[PDB]
Amino acid sequence: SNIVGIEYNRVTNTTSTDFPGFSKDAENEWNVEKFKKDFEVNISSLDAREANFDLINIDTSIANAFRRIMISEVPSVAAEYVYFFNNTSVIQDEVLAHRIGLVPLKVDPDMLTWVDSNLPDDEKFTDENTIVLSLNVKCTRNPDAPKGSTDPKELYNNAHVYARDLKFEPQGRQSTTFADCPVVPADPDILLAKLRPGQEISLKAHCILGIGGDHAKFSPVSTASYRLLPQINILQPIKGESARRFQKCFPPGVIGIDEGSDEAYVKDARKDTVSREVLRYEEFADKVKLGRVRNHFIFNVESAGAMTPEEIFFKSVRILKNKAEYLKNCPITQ
Amino acid sequence: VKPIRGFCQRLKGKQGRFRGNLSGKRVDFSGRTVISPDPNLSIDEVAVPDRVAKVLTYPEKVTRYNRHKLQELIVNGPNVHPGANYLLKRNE
Amino acid sequence: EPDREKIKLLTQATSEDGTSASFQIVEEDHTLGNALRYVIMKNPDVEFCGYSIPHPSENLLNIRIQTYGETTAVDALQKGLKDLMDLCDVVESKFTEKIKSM
Amino acid sequence: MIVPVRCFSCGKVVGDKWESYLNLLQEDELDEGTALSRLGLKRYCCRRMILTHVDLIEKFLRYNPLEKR
Amino acid sequence: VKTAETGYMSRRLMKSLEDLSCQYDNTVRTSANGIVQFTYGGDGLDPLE
Amino acid sequence: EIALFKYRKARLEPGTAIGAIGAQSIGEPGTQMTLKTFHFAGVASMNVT
Amino acid sequence: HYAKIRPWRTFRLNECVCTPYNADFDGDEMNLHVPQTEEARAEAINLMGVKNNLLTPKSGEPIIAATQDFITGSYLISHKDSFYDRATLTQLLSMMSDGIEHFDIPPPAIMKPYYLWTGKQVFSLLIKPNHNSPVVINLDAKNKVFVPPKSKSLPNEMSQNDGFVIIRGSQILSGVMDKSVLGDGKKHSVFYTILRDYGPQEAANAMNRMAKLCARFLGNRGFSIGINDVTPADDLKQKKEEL
Amino acid sequence: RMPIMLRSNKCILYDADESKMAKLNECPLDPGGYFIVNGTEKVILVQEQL
Amino acid sequence: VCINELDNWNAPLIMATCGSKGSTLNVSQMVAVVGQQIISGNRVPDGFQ
Amino acid sequence: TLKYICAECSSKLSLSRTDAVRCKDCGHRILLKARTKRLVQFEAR
Amino acid sequence: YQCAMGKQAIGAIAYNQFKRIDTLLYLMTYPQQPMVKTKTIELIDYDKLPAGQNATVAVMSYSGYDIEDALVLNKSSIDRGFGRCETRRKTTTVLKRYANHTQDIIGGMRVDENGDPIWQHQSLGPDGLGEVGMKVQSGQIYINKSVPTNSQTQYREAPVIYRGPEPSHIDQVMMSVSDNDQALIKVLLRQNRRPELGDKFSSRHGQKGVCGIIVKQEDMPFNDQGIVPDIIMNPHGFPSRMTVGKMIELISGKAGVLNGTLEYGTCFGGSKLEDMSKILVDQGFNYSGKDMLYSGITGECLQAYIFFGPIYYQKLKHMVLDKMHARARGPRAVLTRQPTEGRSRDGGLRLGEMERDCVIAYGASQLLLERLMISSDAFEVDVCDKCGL
RNA sequence: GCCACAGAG
Ligand SMILES: CCC[C@@H](C)[C@H]1CC[C@H]2[C@@H]3[C@H](O)C[C@@H]4C[C@H](O)CC[C@]4(C)[C@H]3C[C@H](O)[C@]12C
Ligand SMILES: [Mg+2]
Ligand SMILES: [Zn+2]
Ligand SMILES: [Zn+2]
Ligand SMILES: [Zn+2]
């Protein structure tokens, strides 16, 4: 069986059992034809910032590897160094630099090159491996503000420094390479700082590309996780008022009562967040059992705005394949 | 009036010569740090920070069995951790 | 040109005939060790495959493969890497055709 | 002191939701539990990011040294 | 408050018991070579072993 | 053979600072002891210290 | 201790060793002295070593043994309803030895439906990994919570809840592993037997294997406490009220 | 010269609104009740006697 | 009556059975009656008249 | 070079060699050094 | 213990905390008000200036690094600002006027041959006081004080040199005149600190603990929605200490953040558990707050439900950066010729009577001789064999 | 340098 059973106090059968040596039959050898026949992908939603798709008949290790590579191995572009000219705000320079490094940039990671660390700073950053973002905001008192007003958006001119103030400054051939895709933040309304008259911010941010393992600002996904497909089995029919109570143990769209026989049946097990509430009540014992399909993953990949989630998943699969190929091509030193 | 520190006051008490400087005393080559768990170390091992390890030194005498090792440690120097901080010559 | 420092065969743990072996792989973690473990355990000749990260401070992974007398552990490791490549290729193909389907 | 750019747990950008959350509480007179859901903060880790945030920057800016108070 | 008295008790006990040791003829003696016990505990057995 | 080996290795080895060991093995339970109220064999009017 | 060099600005010791120090990782600061002569170094490592001081001199009982979160994981492995297939068995065996030690997989306790190894066989391999290991220890001991069997004529191992542990050869034939068998204070523990019969190095190796296994197993087999574990049932609030 | 306790009836911060607190570089949520002597803010602690 | 009713896989019960942390008394105090408070061997002294 | 800020009236002012340490537009005797004009580099982490 | 450790939590001090120059001030970058409040919290205005953050806690045994009160932190959570803090310190100097009509001076900047300041004066500025906003490393000067020698007079150099394990940035420079008409200069230095191994965290029910390991987000457990805990706490801290109020706080906070309102943990009252269970079950979660988490290492479902929810954690002022010390050889006292006391003087650790006696108990004669004579106060002396003097 | 309190385990 491949159903992770859910009980009132424990979770049973959580480990994969598809390998020879599990039993005397010695089946489930690795056959690429059988895996090609059995594996399935079903995309249910595909937006510009979020993808939902089911991977069916795949092992837990590979799906978890895809999730981990998506979170911490797919590169993305974020601000790395900040050079300050006259930051006169209340917000400290470290805090402002950290906030600017945390904004997501709408930059294709494949248009850049990895920065060589051992090179010195005079020639480390070139036009191929660094995006320059200049910010320059000065706040002044509004001379014609209403007398009865108290909103800082009306009393002052530039009291709110947002992420859209991060102008892009092309350097060298980036004037032609980034002509049709200018560098803008993925979330332009990020509130970076607040000012009062007499204060000024001006800075240049050098943005390179890195992986999420080095720092969380480089992770291309705001979230990237799966969940097993829930499975509700009603072993005995549930009739009448109890069925209504049986409806209240689940989210509203999960199960329904048929109008003819007046019995409860499972309508949509995907909506069922496994709260196992129905296991609290003694009347539904030996009448319903809950489980999750162990090899049926529902990935929900939300991008940070730099690039599409399907590209992120494809890059994760390619990274795992390249890891395997690189390990295969290496010589084994004794 | 604060009573003067006479000769008997220098010898009695926990801050006197006998209990503060003779029975127990402050020592060199010691460090103090907050402790945190690490189950991957063996039970007969303690993990020392590399910052501390670059200060706490061991004086190894050069023999015919460890000449090249100490040459490499001298070459590495005080900043690279597998190194050395001081050298004392035989005739100096 | 080849990366000699990537994967090593720990001599002190392997067997004389190469049936049992332990390999040290640099700059990996659970995301590759678990996939290799699952793929190698599907080899009918492998009776022991297990990875470990000896210390979080070290970016390192020790994987032990013990087989029967039919094949050596190096052959099992190469077969597992090739089979993981094939799995990734199949997943890649299915995903890229279901994108174009809708 | 100011609303953080990203959620600590997952990584969703919540720094651009502070002004909208204040506007939905003040103008539309919505309750605090519905304004969060209208902004797409479904996970509770993102909800606590701006539900428990204390905007101390406004209080700190009253003591501006660059301009008479 | 119990540590304040316990430390003094331990210090007194050790300053009274530090000099004793088991000699090579299995007799426990003081630093002035005077016998306290002819055999340790009556049988000369280590509590640790 | 096992019994004789265990007996012959259980003797107190000469040179052991057994007085310091005893002083510590008496002082340390004094640290571990919590202060409780006891009575002498089932009558509540004694309160033996 | 033998020194290791790590970059994280704190002294780190195995949690089996914090019991002689009476130390907890809640802000404790400790001291580190370095002997500067060969005689002092040898005397420190041969008279004050951790391996040579597994037993307190106050009573002779072990003082360096399994602490909290290592007893619980070992108990959950050695629980009676713990059955592992060959993949999980092998991963657990590699988890206690950094993927270096050679393991001789014993025949499974269940054969016809599937091939399943009990966690007591996992700890039998923990005590003695292969045929080249010399550790062969035999002992009988009672657990902390021992429920006597139904009849007084029956032996102690035929009790309920695996109260009695029996180790013959190196196989754990009965019982669970708890503070009585793996912890400190009792002279019938596994590590005490290994230290007395085969020297301190094998006891240290077994403790290291146990710590490395239980530091990686309980994360992948979760263990949690909630208010559901603390709330009383419905009838208890009436029985307590009436009493 | 008597060193006056902050937020007493002889202090400058007595019954002052938040704007005057901002004008004097003083926090409105400061508890008060201490003396500023030589720049250091010292509190006369409550004594318990028979 | 509290301890005998708690089901298996109860975390305080497991931690008490192991001896890793806690005891039966702590579980009984958390789930059921805390019990009499004892000060210096007696009950609570008359703080007031 | 204007380098100092009066802590009360917030007026940028400079001090010569013989000038007293006090503001010129008011009697306040507390002066804060203004921020330097030289480049300061930070790592966005 | 909570009453003891609440006064050491790092957080906002006052509204004028950036206009203050205090001798030591710990501030938190992103403070949050507690999810589970109290009427006393509202009455004393603690929620206006809170000290702590609401961390997603999964009460489970994750690694071996959470044993004995130690806590597991999330590296990605720390990278996004969890537990980030700063330390501000004050250095004050007085340009006193001596009775000989001579006074201290501040100016001076030793420029090199090329036309740039020297390394020790790299951030010292033309007026002698270090520039606001620049980074000061160990060995550099931020106050270039000079003292007349006779107290055309000659001034000897007595600068104020920064020294410490990590660099600091000059946050504020202030000059004024005291009552006795002597110039007063105050320099406030700030340095930003992130959580590391050894940093102390408290959980507002006692339950103090230092960080034992910092692991990546993908190594952490996760729920169906992808929520990753910021702090993993060992289950073994509850039974011996019996903090049921902590579990009630977790459930109240979870139900409040799902419902959108702050909850109350008021003594002899507060938000009842049944209402929070109803709120949790209406939102699709378990009534007891026990979620089902997949482990990030192997991907499989955990075989036990994990107590999962927000807990208010406090970062205490005790950080390992201020505690680490090591001596080797250094200064010695003039009287006893033994190592000095304290890490401020590069002192040595005392091997007291108890440690001496512990070394005696092992029988280590040569180790005792080395520790108490060779490495502390060894001295070659000449003694007369006849008179014994 | 001497006192004085304040904390840490
Ligand atoms: C150098 C690496 C290039 C790589 C990142 C580029 C080159 C080939 C590209 C894919 C193909 O276009 C087919 C698909 C088209 C859909 O629209 C979006 C997804 C889809 C899988 C693509 C993703 C991505 O854009 C790829 C892999
Ligand atoms: Mg402690
Ligand atoms: Zn979030
Ligand atoms: Zn002025
Ligand atoms: Zn003489």
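Letters A, B, ... mirror the listed sequences (proteins, then strands); counts begin at 1. The analysis underlying the following values was restricted to heavy atoms, covering all of them including side chains, and did not include hydrogens, waters or symmetry mates.
- Of the listed residues (G:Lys212, G:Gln68, G:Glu15), the greatest number of heavy-atom pairs within a distance under 4.5 Å of chain K belongs to G:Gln68.
- For chain G, the nearby part of K:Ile251 is the side chain; its heavy atoms alone come within less than 4.5 Å.
- For chain G, the nearby part of K:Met324 is the side chain; its heavy atoms alone come within less than 4.5 Å.
- Side-chain polar atoms of G:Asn220 and K:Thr298 form no donor-acceptor pair below 3.5 angstrom.
- Between the side chain of K:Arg371 and the backbone N or O of G:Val34, at least one donor-acceptor pair lies under 3.5 Å.
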Run the side-chain donor-acceptor check on residues 221-228 of chain G: report pairs under 3.5 Å with partners two or more places apart or on a different chain.
| from | atom 1 | to | atom 2 | distance (Å) |
| --- | --- | --- | --- | --- |
| G:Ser224 | OG | K:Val59 | O | 2.7 |
| G:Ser224 | OG | K:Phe307 | N | 3.0 |
| G:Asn228 | OD1 | K:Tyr287 | OH | 3.2 |

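- Of the residues considered (K:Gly198, K:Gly209, K:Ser295, K:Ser63), K:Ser63 shows the highest number of contacts with chain G, using heavy-atom pairs under 4.5 Å.
- Using a 4.5 Å heavy-atom threshold, the side chains of G:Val230 and K:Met247 count as touching.
- Side-chain N/O atoms of K:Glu370 and G:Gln36 include no donor and acceptor closer than 3.5 Å.
- Applying a 4.5 Å heavy-atom cutoff, the residues of residues 38-49 of chain G that approach chain K are G:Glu39, G:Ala40, G:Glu43, G:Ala44, G:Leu47, G:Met48.
- For K:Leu273, the part lying under 4.5 angstrom from a heavy atom of chain G is the side chain only.
- Contacts between K:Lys208 and chain G at a heavy-atom distance below 4.5 Å involve backbone atoms as well as side-chain atoms.
- No side-chain heavy atom of K:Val210 sits under 4.5 Å from any side-chain heavy atom of G:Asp26.
- Residue K:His318 does not touch chain G at all, counting heavy-atom pairs closer than 4.5 Å.
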